[PDB]
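The structure appears right after this line, and notes come after that.
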Amino acid sequence: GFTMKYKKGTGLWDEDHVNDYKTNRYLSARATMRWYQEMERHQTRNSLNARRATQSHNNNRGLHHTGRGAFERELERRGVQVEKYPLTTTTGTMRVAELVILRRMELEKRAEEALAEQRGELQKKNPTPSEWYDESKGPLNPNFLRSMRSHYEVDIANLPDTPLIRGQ
Amino acid sequence: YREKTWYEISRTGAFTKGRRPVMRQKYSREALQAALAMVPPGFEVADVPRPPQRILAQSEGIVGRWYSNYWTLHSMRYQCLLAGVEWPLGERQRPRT
Amino acid sequence: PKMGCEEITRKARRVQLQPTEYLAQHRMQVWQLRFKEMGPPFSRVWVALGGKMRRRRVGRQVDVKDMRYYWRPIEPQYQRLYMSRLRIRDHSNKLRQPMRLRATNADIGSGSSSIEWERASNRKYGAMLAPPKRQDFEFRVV
Amino acid sequence: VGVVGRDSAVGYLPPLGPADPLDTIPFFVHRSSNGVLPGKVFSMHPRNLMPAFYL
Amino acid sequence: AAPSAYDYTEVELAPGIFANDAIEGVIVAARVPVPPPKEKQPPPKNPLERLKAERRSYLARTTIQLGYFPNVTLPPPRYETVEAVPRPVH
Amino acid sequence: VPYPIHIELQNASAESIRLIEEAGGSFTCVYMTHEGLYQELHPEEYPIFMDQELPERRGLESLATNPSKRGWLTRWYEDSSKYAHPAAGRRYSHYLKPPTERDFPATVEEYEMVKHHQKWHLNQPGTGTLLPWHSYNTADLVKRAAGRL
Amino acid sequence: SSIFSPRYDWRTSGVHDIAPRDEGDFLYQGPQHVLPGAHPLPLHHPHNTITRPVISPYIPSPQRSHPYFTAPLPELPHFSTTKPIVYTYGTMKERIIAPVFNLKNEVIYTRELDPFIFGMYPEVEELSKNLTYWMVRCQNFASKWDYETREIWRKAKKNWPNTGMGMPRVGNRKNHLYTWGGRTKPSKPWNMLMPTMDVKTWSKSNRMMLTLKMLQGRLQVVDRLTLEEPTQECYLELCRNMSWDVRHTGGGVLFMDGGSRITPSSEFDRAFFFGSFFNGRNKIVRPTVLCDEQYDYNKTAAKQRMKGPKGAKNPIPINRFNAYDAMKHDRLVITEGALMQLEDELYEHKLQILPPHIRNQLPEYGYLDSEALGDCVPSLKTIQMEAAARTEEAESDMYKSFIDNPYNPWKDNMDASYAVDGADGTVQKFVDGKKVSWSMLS
Amino acid sequence: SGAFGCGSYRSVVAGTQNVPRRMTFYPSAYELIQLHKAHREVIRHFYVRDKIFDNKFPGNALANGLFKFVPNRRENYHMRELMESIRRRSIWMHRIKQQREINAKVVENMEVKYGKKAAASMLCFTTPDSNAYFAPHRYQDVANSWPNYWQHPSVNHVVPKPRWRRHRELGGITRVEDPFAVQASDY
RNA sequence: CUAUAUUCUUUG
RNA sequence: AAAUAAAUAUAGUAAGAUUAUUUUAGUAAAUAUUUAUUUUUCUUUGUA
Ligand SMILES: NC(=O)c1ccc[n+]([C@@H]2O[C@H](COP(=O)([O-])OP(=O)(O)OC[C@H]3O[C@@H](n4cnc5c(N)ncnc54)[C@H](O)[C@@H]3O)[C@@H](O)[C@H]2O)c1
């Protein structure tokens, strides 16, 4: 019947638009891997079967596995473009991705030096912490002050028992 | 053996051509021109009556003698209207009393 | 059904999902021929005409005869009684409101406006209540 | 005529701001996305079509 | 296709510093030299961690080059022009 | 209505129309077959302008060709539709092309029937054209009984 | 039992052996004595900062509206929000600025969070809707199957006639009364409800959960989630070096893996993704708080061989963000790619919510500048979306000479003539006396 | 048909005079939203039509080159979902590009009639509470719009200030030194 | 209820 | 007609069962659930 075939691949990721009613709250370390196996084999099984069925069916009808007949067979010999809208091929869609990535990596070199150019410059201005260091309103976190230690020239994490207000 | 049971015989939307495309490939310009070039001269579109509802609506693409197929004829006509290809054949006539 | 049962260990029947009734099943047309409902939201009469008519007209009087040509609200028991058949689509949905006699435009459009129908270009924006498309001048069902 | 305060036969005006300054209203009320003011009149137990209402 | 429209897309490298502030001084993504595909690593010089590496998971044995979508760059074709390809006999 | 509005809807009430027109606005009463609705609400689906049906008969009487509702076919009615064929006689007026040349009924049986019709109904001007004695009582042929013009 | 019922108060003696354990037990010293565990409020989880360490600038206090930076601090680089910030209904109405952590656990540049996302102030009914959705959804619905009266396999005949015996009146005894029997109306998957949940509610509830994680000071923002190798001990090396507690007993980490500031991805980082299966309490989820609309193609009864549940046939998949797995794992680790993607998908949503006298000022303030129209230079997108975009940049050239061109449809309107045909109702388009319009096929 | 700003086909047949309209300045702010989320959509169609497999488990790894869509389906997805989405986006673009042509004219007419200052001051949509939605720190003394109404600086006096002290002997625990209130337990 | 009454009126 | 195998026929004048105390408003017309009205006096009144 009508099970919404057109929404099958519509989803952004591989795991959606799939009726998954066999599941649990907590998924273990290998149940999660099982889940990620099930989903991608749900896509792959259903795609490869739909490839096989039509390739076999096109072969049984005496034409090319594509569904591309004798006429279109002649057009490719004569060098004629055989269809109206030549959609991007596999190799193309891989190439896009890698060119995008190869832009991003270069940019992540340049940003690295940019930020390292700034950070050393506003460290030399600030050996002492600014007006965020005040716990007048509420206590500082020693969990976080161990992380902020490196920038400053002083010992931050040594905190008096008494609350410190604009402490020196 | 029943290759299609009563329910999927009952659905005439799939079978008949209402609101449904019956030719699923779309040809480029120099493809359409070659396809039109294989039509024998002295052929009118008006000589190809639209088949009844009983007959399934389908198009085998461009095969030999594709102009005998009604739906192929007119689907090709639509691509020729989109691509700006001149249509050599006639057009469908409406006879009246 | 116990891990000992000779009953269940030999398979007999397997029960399926049971089909639901027509959503409009209870709006029966013998009501829709007789009455019509009139009202502002939250108060609505069902109104009908009187039968004394088609047996003896003559001899009685003109006033008692034309007391028959007025629309009149049905007795409230009967209205509740007929309305009750329209209330059985959702029990325990207290936030709902009963179905009307004649389907309004919202109630026609509600069945095509879902996110399950949005790809169906049949039956969209109402179809079956419009007159049919002129068929191809050579159209024939044989 | 100005653009914000235009003539409208229905009548609609963007919020005018507080009628007195130097004073703070403890609450703030948002118009809807269509410009409607928040009060909604429902019915308590709409299934039986009770005349009893609320806001 | 020469520089793409998106090659001018704005990213903030450092606050107050944009990648479009360099302008050609713009990164054209297709003109970035493609690194050659890395295959699986050669087995270590030692039998022990060779056997232990061979003992690993199929997931841990996945070679990583790009890291995203094709993991390993595809090699460029032998011809830079589409009609530069020799046409055999049909 | 303070500002002018230009709007295309179907079957507006008279007061709404005069309220729009007083402002210096516009109203055009479009009336569409179902296909028309789907083609306006989903324009993207159809690349070329496609041949669109005229709405049906009763709707053409009451809406599309109505100057009061300001339908869109009023020009078409006042230019093309309201005139008969240039050759056509009075009896054959409604036909697209006159079926015969001579306006006089061309069959002796049809002539006998027209004589009987003209003595049936008494002799009124329109009696020449045969109208059948029996009716449909169907809603697709009925028009307005009485109302403001 | 119940507090009122007389069964309560039983066992007047014997509940405690009267004698101390000589290791753990002690006397109450006095008012100067600090008792382990004792607190004036009803804490079902009495965790302090030592057991469940919170990472934020300040320990959350009633004086602080949120435990993060309210102003960009002069000693670190400050990155502004990806999209411009608008304050909607439930938003905190105060500037939320969070530090970013490197993978070496030092603090790196500071980044401003979006109060529409991380500021939607939690109220409990919404989170309730979220939680009940997740716990009803996450059952195994295939296990709800049970036998029924017609499913028993006995003889259908009256087993003894009811006339003269003192025996009960019994026939076809496959009923629910009997030890071998089955019920009249049993439970079984196609009768079990799977709840439908619309995007508005999911979006709102997840926003409020993120905000709740901010207010509890348990939110962490990281550059990348990236491992040297796909192996597990690299992952544990990471979790150990930057102080994530992944032990089952300890409070876990909930990852939103986005890529980085510069290169965000919708897909997980492969290297990190394979190392991320540790047996402990941790979960890696998709970088989205939205959800696809849930469609029901049996809403009436129609398809009977459906096994299924009754309800939405498109339940939210398990690797999304939710209330349950937020409440289980304490630290919420969000990559900046995830931040960018969240803001990107929620932008239009927040714009529509605003009152109309406010949405009119959006273009004036430059909120609505659009790359498509080309008033600005295009914005930062993910890897996949840049791929798709360049794909369309590439394929826009095949539609030029065709009349069905999407990028210039109906260019022929304002030179066009229209002609009403009277022989059969049709309105046909004409240009230069040629009929342009296409009569539809059936 | 309709769907642009000009008019439908049945007004051309109707011959209604739509041409000399009065031009007013309408920011077209709603359409920019719809355009943002249309252009957001088109790209998604291009992405999900162009998925190809990368399978990370070995059993499913025989398919890793192929598109996730069957070609026959990928074509149909290109016709039905994708290239008509471009048309929707296209329509929004047209309806805005008309109106910048119109708004330019309104601005010029008002610049001549008024002068740049007066004109630009009239063509501003500023509402007195626009600071409530944009920079609330300028709005705080006007109304209390916070979800925390007890932490707004006007009502801030209500929340208590504890006297708290850290403890080394408890392990870095901060603790409030305030005495508890004795409670009513009995009647 | 079905038939005969077909204008504001009429049968079993 | 008998036996064997399949069904869920119907049974308020045939019937029988129906699973969790310490409770918080009364007795068409009645009763029950949800809900509504501060309509005038010396006191009093469950009306809808
Ligand atoms: N109810 C309908 O008939 C209906 C509904 C929605 C859309 N449409 C659109 O109406 C137009 C024609 O409909 P029809 O039924 O008269 O013919 P059709 O669509 O049944 O057949 C048209 C022929 O031209 C092909 N074609 C369609 N779009 C094409 C394109 N954009 N480029 C190249 N070839 C294309 C079709 O696949 C087929 O080969 C098409 O845009 C169709 O999609 C029609």
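Starting from 1 in every chain, residues are counted up; chains themselves are A, B, ... following the order of the structure tokens, and ligands are numbered from 1 as listed.
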
inquiry  = If the limit is 6 Å from any atom of ligand 1, counting only C-alpha atoms (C1' of nucleotides) and all ligand atoms, which residues qualify? Return them as a ChimeraX atom specification.
reply    = /B:19-24,26,75,78-79 /F:45-47 /G:404,440-441

Determine, using only C-alpha atoms, which residues of chain E have any atom at most 9 Å from an atom of region 81-98 of chain A, and tabulate each with its shortest atom pair and distance in Å to one decimal place, rows ordered by chain and then rising number, as a Markdown table.
```
| residue | atom | partner | partner_atom | distance |
| --- | --- | --- | --- | --- |
| E:30 | CA | A:96 | CA | 8.7 |
| E:34 | CA | A:98 | CA | 8.5 |
| E:66 | CA | A:98 | CA | 7.5 |
| E:68 | CA | A:97 | CA | 8.3 |
| E:69 | CA | A:97 | CA | 7.0 |
| E:70 | CA | A:94 | CA | 6.8 |
| E:73 | CA | A:98 | CA | 7.0 |
| E:74 | CA | A:95 | CA | 7.7 |
```

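Interatomic distance, CA of residue 391 (chain G) against CA of residue 45 (chain A): 27.5 Å.
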
Worksheet item: Can you list every residue in region 264-384 of chain G that DSSP puts in alpha helix (DSSP H), as a ChimeraX atom specification?
Response: /G:270-275,324-328,336-353,356-359,362-365,383-384

Residues of the last selection are to be written out with N, CA, C and O atoms, as a short mmCIF file (atom, residue, chain, number, x, y, z; two decimals), in the first residue's frame.
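Writing the result to result00.cif gives the following:
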```cif
data_model
loop_
_atom_site.label_atom_id
_atom_site.label_comp_id
_atom_site.auth_asym_id
_atom_site.auth_seq_id
_atom_site.Cartn_x
_atom_site.Cartn_y
_atom_site.Cartn_z
N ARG G 270 35.21 10.93 11.86
CA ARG G 270 35.34 9.49 11.69
C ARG G 270 36.25 8.91 12.76
O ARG G 270 35.87 8.01 13.52
N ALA G 271 37.45 9.48 12.80
CA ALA G 271 38.47 9.14 13.78
C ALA G 271 37.95 9.12 15.20
O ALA G 271 38.23 8.19 15.96
N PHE G 272 37.20 10.15 15.57
CA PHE G 272 36.64 10.24 16.91
C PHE G 272 35.49 9.26 17.05
O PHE G 272 35.30 8.67 18.11
N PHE G 273 34.73 9.10 15.99
CA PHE G 273 33.54 8.27 16.05
C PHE G 273 33.86 6.81 16.31
O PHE G 273 33.11 6.13 17.00
N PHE G 274 34.97 6.31 15.77
CA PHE G 274 35.29 4.89 15.99
C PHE G 274 35.91 4.64 17.36
O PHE G 274 35.88 3.53 17.87
N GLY G 275 36.49 5.68 17.95
CA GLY G 275 37.14 5.53 19.23
C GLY G 275 36.15 5.72 20.34
O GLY G 275 36.42 5.42 21.50
N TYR G 324 16.17 12.91 28.27
CA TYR G 324 16.58 11.73 29.02
C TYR G 324 18.09 11.64 29.12
O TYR G 324 18.66 11.59 30.22
N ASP G 325 18.75 11.63 27.96
CA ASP G 325 20.19 11.46 27.92
C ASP G 325 20.91 12.72 28.36
O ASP G 325 22.12 12.70 28.57
N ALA G 326 20.18 13.82 28.49
CA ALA G 326 20.75 15.01 29.09
C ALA G 326 20.74 14.88 30.60
O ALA G 326 21.69 15.27 31.27
N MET G 327 19.66 14.34 31.12
CA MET G 327 19.53 14.15 32.56
C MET G 327 20.46 13.06 33.07
O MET G 327 20.86 13.09 34.23
N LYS G 328 20.79 12.09 32.22
CA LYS G 328 21.70 11.02 32.63
C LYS G 328 23.17 11.43 32.67
O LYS G 328 23.87 11.17 33.64
N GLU G 336 31.95 23.46 18.23
CA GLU G 336 31.51 24.72 17.63
C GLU G 336 30.79 24.53 16.30
O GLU G 336 29.99 25.38 15.90
N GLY G 337 31.08 23.43 15.62
CA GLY G 337 30.36 23.10 14.41
C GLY G 337 28.89 22.93 14.75
O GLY G 337 28.01 23.40 14.04
N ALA G 338 28.65 22.26 15.87
CA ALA G 338 27.30 22.03 16.36
C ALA G 338 26.62 23.35 16.71
O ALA G 338 25.44 23.53 16.42
N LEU G 339 27.37 24.26 17.32
CA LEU G 339 26.84 25.57 17.65
C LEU G 339 26.36 26.27 16.39
O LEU G 339 25.22 26.75 16.30
N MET G 340 27.25 26.31 15.39
CA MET G 340 26.94 26.97 14.13
C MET G 340 25.73 26.36 13.45
O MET G 340 24.89 27.08 12.92
N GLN G 341 25.65 25.04 13.45
CA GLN G 341 24.54 24.36 12.81
C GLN G 341 23.22 24.62 13.53
O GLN G 341 22.18 24.80 12.89
N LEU G 342 23.26 24.64 14.85
CA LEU G 342 22.08 24.94 15.65
C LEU G 342 21.56 26.34 15.33
O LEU G 342 20.37 26.52 15.03
N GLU G 343 22.45 27.32 15.37
CA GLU G 343 22.07 28.69 15.07
C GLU G 343 21.53 28.82 13.65
O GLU G 343 20.53 29.51 13.40
N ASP G 344 22.18 28.12 12.73
CA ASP G 344 21.78 28.16 11.33
C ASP G 344 20.38 27.60 11.12
O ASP G 344 19.59 28.19 10.38
N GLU G 345 20.06 26.48 11.74
CA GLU G 345 18.75 25.89 11.52
C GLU G 345 17.66 26.57 12.35
O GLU G 345 16.48 26.45 12.04
N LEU G 346 18.04 27.28 13.41
CA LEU G 346 17.02 27.93 14.23
C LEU G 346 16.79 29.41 13.90
O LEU G 346 15.86 30.02 14.43
N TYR G 347 17.60 29.97 13.01
CA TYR G 347 17.48 31.39 12.68
C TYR G 347 16.09 31.84 12.19
O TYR G 347 15.48 32.73 12.79
N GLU G 348 15.60 31.23 11.12
CA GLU G 348 14.31 31.61 10.57
C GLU G 348 13.19 31.37 11.58
O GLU G 348 12.26 32.17 11.70
N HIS G 349 13.29 30.26 12.30
CA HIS G 349 12.37 29.94 13.37
C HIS G 349 12.27 31.07 14.36
O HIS G 349 11.17 31.48 14.72
N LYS G 350 13.40 31.57 14.84
CA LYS G 350 13.28 32.63 15.82
C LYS G 350 12.77 33.89 15.15
O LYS G 350 12.04 34.66 15.77
N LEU G 351 13.10 34.11 13.88
CA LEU G 351 12.61 35.32 13.23
C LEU G 351 11.10 35.34 13.09
O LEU G 351 10.48 36.38 13.29
N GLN G 352 10.48 34.21 12.78
CA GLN G 352 9.04 34.20 12.62
C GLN G 352 8.29 34.47 13.92
O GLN G 352 7.18 34.98 13.90
N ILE G 353 8.90 34.14 15.06
CA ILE G 353 8.19 34.26 16.32
C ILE G 353 7.95 35.71 16.72
O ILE G 353 6.96 36.01 17.38
N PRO G 356 5.08 41.55 14.75
CA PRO G 356 5.24 42.08 13.40
C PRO G 356 5.76 43.51 13.33
O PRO G 356 6.23 43.91 12.27
N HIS G 357 5.66 44.27 14.41
CA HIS G 357 6.21 45.62 14.38
C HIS G 357 7.71 45.53 14.59
O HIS G 357 8.46 46.44 14.24
N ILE G 358 8.14 44.42 15.18
CA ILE G 358 9.55 44.10 15.31
C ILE G 358 10.16 43.42 14.09
O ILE G 358 11.31 43.68 13.76
N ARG G 359 9.42 42.55 13.40
CA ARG G 359 10.03 41.86 12.26
C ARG G 359 10.28 42.84 11.12
O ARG G 359 11.11 42.58 10.25
N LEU G 362 13.84 44.24 11.12
CA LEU G 362 14.91 43.29 10.86
C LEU G 362 15.74 43.64 9.61
O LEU G 362 16.96 43.61 9.67
N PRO G 363 15.08 43.97 8.49
CA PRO G 363 15.92 44.34 7.34
C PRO G 363 16.70 45.63 7.56
O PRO G 363 17.82 45.77 7.07
N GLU G 364 16.10 46.57 8.28
CA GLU G 364 16.73 47.84 8.57
C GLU G 364 17.99 47.65 9.41
O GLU G 364 18.98 48.36 9.24
N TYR G 365 17.94 46.69 10.32
CA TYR G 365 19.06 46.42 11.21
C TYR G 365 20.09 45.48 10.59
O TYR G 365 21.14 45.23 11.18
N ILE G 383 30.32 21.63 5.43
CA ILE G 383 31.03 21.05 4.30
C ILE G 383 30.04 20.56 3.25
O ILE G 383 30.15 20.89 2.07
N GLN G 384 29.06 19.79 3.71
CA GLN G 384 28.08 19.18 2.82
C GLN G 384 27.25 20.22 2.08
O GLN G 384 26.91 20.05 0.90
#
```

Check your understanding: Which residues, written as a ChimeraX atom specification, have at least one atom at most 12 Å from residue 15 (chain F), with only C-alpha atoms (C1' of nucleotides) counted and residues fewer than 4 positions away on the same chain left out?
Key -> /F:1,11,19-22,27,68-69

Notebook entry, point to check: From the set G:80, G:175, G:361, G:260, which residue has the shortest atom-to-atom contact distance to residue 104 (chain A), counting only C-alpha atoms?
Noted result: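 Of the candidates, the smallest distance to residue 104 (chain A) is held by G:260.
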
Inset, instruction - Write out as an MDAnalysis selection string every residue belonging to chain C that has an atom at most 12 Å from any atom of chain I, counting only C-alpha atoms (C1' of nucleotides). - result: chainID C and resid 53:59 62 65:66

field: 12 Å contact set for residue 122 (chain C), only C-alpha atoms (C1' of nucleotides), chain neighbours under 2 positions out, as a ChimeraX atom specification
entry: /B:13,18-20 /C:111-112,117-120,124-128 /F:34-35,38

_as a VMD selection string, please: the residues near residue 99 (chain G) (cut-off 12 Å, only C-alpha atoms (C1' of nucleotides), same-chain neighbours under 2 positions excluded)._
(chain A and resid 144 147 to 148) or (chain G and resid 55 to 58 67 to 73 75 to 79 96 to 97 101 to 102 105 to 113 219 to 223 334 336)

Next item on the list: Show me which bits of chain D are within 10 Å of chain G, counting only C-alpha atoms, as a ChimeraX atom specification.
Entry: /D:4,13-15,28-36

Please produce an output containing N, CA and C atoms for each residue in the selection, written as an mmCIF file, in the first residue's frame.
```
data_model
loop_
_atom_site.group_PDB
_atom_site.id
_atom_site.type_symbol
_atom_site.label_atom_id
_atom_site.label_comp_id
_atom_site.auth_asym_id
_atom_site.auth_seq_id
_atom_site.Cartn_x
_atom_site.Cartn_y
_atom_site.Cartn_z
ATOM 1 N N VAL D 4 5.362 54.397 10.594
ATOM 2 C CA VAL D 4 5.026 53.564 11.755
ATOM 3 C C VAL D 4 3.570 53.724 12.187
ATOM 4 N N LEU D 13 -1.949 49.731 16.042
ATOM 5 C CA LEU D 13 -0.843 50.631 16.261
ATOM 6 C C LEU D 13 0.240 49.832 16.924
ATOM 7 N N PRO D 14 1.493 50.092 16.548
ATOM 8 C CA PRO D 14 2.575 49.478 17.307
ATOM 9 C C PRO D 14 2.513 49.987 18.744
ATOM 10 N N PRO D 15 3.022 49.205 19.702
ATOM 11 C CA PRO D 15 2.984 49.580 21.118
ATOM 12 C C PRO D 15 3.563 50.969 21.364
ATOM 13 N N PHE D 28 6.180 42.246 31.299
ATOM 14 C CA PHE D 28 6.266 42.656 29.904
ATOM 15 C C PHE D 28 5.430 41.730 29.042
ATOM 16 N N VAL D 29 4.531 42.294 28.250
ATOM 17 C CA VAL D 29 3.606 41.467 27.493
ATOM 18 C C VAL D 29 3.869 41.477 25.986
ATOM 19 N N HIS D 30 4.071 40.289 25.420
ATOM 20 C CA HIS D 30 4.407 40.125 24.010
ATOM 21 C C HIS D 30 3.191 39.966 23.120
ATOM 22 N N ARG D 31 3.156 40.724 22.036
ATOM 23 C CA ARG D 31 2.159 40.488 21.014
ATOM 24 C C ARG D 31 2.494 39.202 20.278
ATOM 25 N N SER D 32 1.501 38.633 19.607
ATOM 26 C CA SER D 32 1.707 37.423 18.827
ATOM 27 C C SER D 32 2.544 37.728 17.595
ATOM 28 N N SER D 33 2.793 36.709 16.787
ATOM 29 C CA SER D 33 3.561 36.893 15.576
ATOM 30 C C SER D 33 2.715 37.622 14.544
ATOM 31 N N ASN D 34 1.400 37.554 14.701
ATOM 32 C CA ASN D 34 0.519 38.269 13.797
ATOM 33 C C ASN D 34 0.049 39.613 14.343
ATOM 34 N N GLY D 35 0.494 39.970 15.541
ATOM 35 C CA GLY D 35 0.148 41.261 16.107
ATOM 36 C C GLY D 35 -0.968 41.213 17.126
ATOM 37 N N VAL D 36 -1.470 40.013 17.391
ATOM 38 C CA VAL D 36 -2.577 39.822 18.322
ATOM 39 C C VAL D 36 -2.123 39.829 19.784
#
```

Give me, please, the distance in Å between CA of residue 11 (chain H) and CA of residue 416 (chain G), quoted to one decimal.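 Spanning CA of residue 11 (chain H) to CA of residue 416 (chain G) is a straight-line distance of 12.7 Å.
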
Note to self: Distance limit 7 Å, atoms considered: only C-alpha atoms. Which chain D residues sit that close to chain H? Return them as a PyMOL selection string.
What the structure shows: chain D and resi 2-4+14+16-17+23-28

At a cut-off of 8 Å, using only C-alpha atoms (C1' of nucleotides), what residues contact residue 44 (chain D)? Leave out same-chain residues fewer than 5 positions from it and give the result as an MDAnalysis selection string.
chainID D and resid 50 52:54

Considering only C-alpha atoms, extract the chain F residues located within 10 Å of chain G and return them as a list in words. residues 44, 46, 47, 48, 49, 50, 51, 52, 53, 54, 55, 56, 73, 76, 80, 81 and 96 of chain F

Inset, instruction - Kindly determine which residues of chain G lie within 8 Å of chain A, considering only C-alpha atoms, and give the answer as an NGL selection string. - result: :G and (53-64 or 69 or 73-77 or 105-107 or 135 or 137-142 or 262-263 or 277-280 or 297 or 303 or 308-309 or 313-317 or 383-384 or 386-387 or 390-391 or 395 or 398)

Keeping only C-alpha atoms, take the residues you just selected and write them out as a compact mmCIF listing (two decimals), in the first residue's frame.
```txt
# COMPACT_ATOMS: atom_id res chain seq x y z
CA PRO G 53 32.69 18.69 39.02
CA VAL G 54 31.17 21.57 37.10
CA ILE G 55 33.21 23.49 34.53
CA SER G 56 32.34 27.12 34.30
CA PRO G 57 33.80 30.42 35.44
CA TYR G 58 31.71 30.68 38.57
CA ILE G 59 29.82 28.20 40.70
CA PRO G 60 26.16 28.95 39.93
CA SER G 61 24.68 31.23 42.55
CA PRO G 62 21.42 33.06 43.15
CA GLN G 63 23.35 36.31 42.68
CA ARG G 64 24.53 35.18 39.25
CA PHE G 69 30.87 35.48 31.36
CA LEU G 73 37.07 39.61 28.82
CA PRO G 74 39.97 41.77 27.56
CA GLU G 75 42.56 38.95 27.85
CA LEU G 76 41.05 36.48 25.37
CA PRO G 77 39.92 36.64 21.74
CA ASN G 105 42.38 21.32 28.42
CA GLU G 106 43.72 24.89 28.44
CA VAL G 107 41.26 27.70 27.77
CA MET G 135 10.51 7.06 27.46
CA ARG G 137 9.17 5.99 22.33
CA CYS G 138 12.15 3.96 23.48
CA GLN G 139 10.36 0.76 24.50
CA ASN G 140 10.71 -2.35 22.37
CA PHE G 141 7.28 -2.52 20.80
CA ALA G 142 7.79 -5.91 19.20
CA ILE G 262 36.06 26.81 10.30
CA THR G 263 34.99 23.38 9.03
CA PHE G 277 32.67 3.21 21.74
CA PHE G 278 33.75 2.81 25.32
CA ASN G 279 31.65 0.76 27.64
CA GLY G 280 31.16 3.67 30.03
CA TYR G 297 0.14 6.39 6.85
CA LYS G 303 -3.08 -1.29 6.11
CA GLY G 308 4.14 -1.72 13.83
CA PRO G 309 2.71 0.43 16.56
CA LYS G 313 5.54 5.96 11.66
CA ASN G 314 8.52 8.27 11.84
CA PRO G 315 9.79 8.31 15.44
CA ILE G 316 12.81 10.41 16.36
CA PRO G 317 15.96 8.32 15.99
CA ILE G 383 31.03 21.05 4.30
CA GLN G 384 28.08 19.18 2.82
CA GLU G 386 29.01 24.03 0.46
CA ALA G 387 29.27 20.91 -1.65
CA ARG G 390 28.84 24.46 -5.58
CA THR G 391 26.98 21.63 -7.24
CA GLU G 395 24.70 22.95 -12.82
CA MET G 398 22.46 23.77 -18.30
```

Notebook entry, point to check: residue 66 (chain F): which residues within 12 Å, counting only C-alpha atoms (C1' of nucleotides), same-chain residues fewer than 4 positions away excluded, as a list in words?
Noted result: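 Counting only the stated atoms, we get residues 10, 11, 12, 28, 29, 30, 31, 58, 59, 60, 61, 62, 70, 71, 72, 73, 74, 75, 76, 77, 78 and 149 of chain F; 14 of chain H.
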
Check: If you measure from CA of residue 159 (chain G) to CA of residue 174 (chain G), what distance in Å do you get, rounded to one decimal?
Finding: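 We find that CA of residue 159 (chain G) and CA of residue 174 (chain G) lie 10.8 Å from each other.
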
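In this comparison, which uses only C-alpha atoms, the residue of C:11, C:52, C:123, C:134 approaching residue 109 (chain C) most closely is C:123.
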
Distance cut-off 10 Å, counting only C-alpha atoms - which residues of chain H neighbour chain B? Return them as a PyMOL selection string.
chain H and resi 72+75-76
